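Remarks on the overall topology
Each chain, letter by letter, is given below.
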Amino acid sequence: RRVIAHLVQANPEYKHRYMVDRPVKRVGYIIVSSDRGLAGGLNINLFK
Amino acid sequence: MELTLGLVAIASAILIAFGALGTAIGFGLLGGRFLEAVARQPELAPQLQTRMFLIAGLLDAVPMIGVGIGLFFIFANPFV
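As documented in the archive entry, the model was determined using cryo-EM at 4.6 Å resolution.

As recorded in the PDB entry, chain B goes by the name ATP synthase subunit c, listed as coming from Acinetobacter baumannii ATCC 17978. The title given to this entry in the Protein Data Bank is "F1Fo-ATP synthase from Acinetobacter baumannii (state 2)". In its Subcellular location section, the UniProt record describing chain B reads: "Cell inner membrane". Under Sequence similarities, UniProt gives the following word-for-word description of chain B: "Belongs to the ATPase C chain family."

The name given to chain A in the PDB entry is ATP synthase gamma chain, with Acinetobacter baumannii ATCC 17978 as the source organism.

With that out of the way, let us pick up the UniProt feature "transmembrane region" in chain B. In the UniProt entry, the feature "transmembrane region" is given for residues 7-27 and 55-75 of chain B. Here residues 7-27 of chain B runs as 100% helix and 0% strand, with 30 Å between its end C-alpha atoms.

Further remarks concern the layout of surface pockets. Considering only enclosed or pocket space, the largest pocket measures out at about 190 Å³ in volume. The class makeup of the residues in the lining of the largest pocket is six nonpolar, one polar and one charged.

Here the focus is helix α1 (residues 2-40) of chain B. In an α-helix there are 3.6 residues to a turn, and that puts residues three or four apart on one side. Relative to the 57 Å expected for 39 residues at 1.5 Å per residue, α1(B) spans 57 Å between its end C-alpha atoms, a close match to the ideal helical length. All buried positions along α1(B) are accounted for by B:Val8, B:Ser12, B:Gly19, B:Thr23, B:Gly26, B:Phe34 and B:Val38.

Residue and element names in this part refer to chain B. As for its placement among the helices and strands, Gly22 is situated in helix α1. Taking the relative accessible area as the measure of exposure, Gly22 reaches 38% and is therefore partly exposed. Put simply, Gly22 and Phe53 are 31 residues apart on the chain and 17 Å apart in space, counted from C-alpha to C-alpha.

Residues other than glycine predominantly adopt negative phi, and peptide bonds predominantly adopt the trans conformation. Although it is not a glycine, A:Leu38 sits at a positive phi angle of roughly 60 degrees. Positive phi is not limited to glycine here, since B:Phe79 has a value of about 60 degrees. Mapped onto the secondary structure, B:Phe79 falls in the segment after α3 (61-75). On the basis of relative accessibility, which here comes to 81%, the residue B:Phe79 falls in the exposed class.

Right, let's talk about the pattern of salt bridges for a bit. All names here are of chain B. Tallying each qualifying case throughout the model produces one salt bridge over all chains. Close ionic contact of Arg33 with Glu36 constitutes a salt bridge, the shortest N to O distance being 2.7 Å. Taken together, the residues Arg33 and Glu36, both in helix α1 and three residues apart, mark about one turn of the helix. With a relative accessible area of 59%, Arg33 lands in the exposed category. With a relative accessible area of 43%, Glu36 lands in the partly exposed category.

So, how was this worked out
- Residues numbered from 1 in each chain as written, not as in the entry; some residues may be left out.
- Chains lettered and ligands numbered in written order.
- Part of a larger assembly, values for the part shown.
- Heavy atoms only, no water.
- UniProt positions renumbered as here; feature names shortened; annotations may be inferred.
- Helix = DSSP H or I, 4+ residues; strand = E, 2+ residues; numbered from the N terminus.
- 1 Å grid on protein atoms, 1.4 Å probe; cavity = no way out; pocket = protein on both sides within 12 Å on 5 of 7 lines; lining within 4 Å.
- Points joined across faces, edges and corners; volume = space filled by probe spheres on them.
- Nonpolar A, V, L, I, M, F, W, Y, C, P; charged D, E, K, R; others polar.
- Expected span 1.5 Å × (residues − 1).
- Buried < 20%, exposed > 50% of the residue type's maximum accessible area, 1.4 Å probe, protein only.
- Salt bridge = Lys/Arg side-chain N within 4 Å of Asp/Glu carboxyl O.

Here's what the structure looks like:
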């Protein structure tokens, strides 16, 4: 990220779709969980 | 003597055209690179143009000198 920031301050000529948000129509969700339960509702709290 | 005058006319034409070519090359190179550079850094255009005119002034002195002295000989010819 340090060199990324150095680049972008050096080259502010554009912001890619990967740095600035375009109007959203579908939003993606990366959801992590376990395969073994017996960990309280931690995963369940995340799901909620 | 009149052919000496033709010599003078030729010399003046040499100077004026050939220094004009000097300018035509220098200013063109500066323009091309300057456009490219300001494209790279479109923000500080003021100082960019500032130093650009700096260089432009530094550039074309002697060619204009040749032009002027050539025309001088064209009209105020020494030993007409």
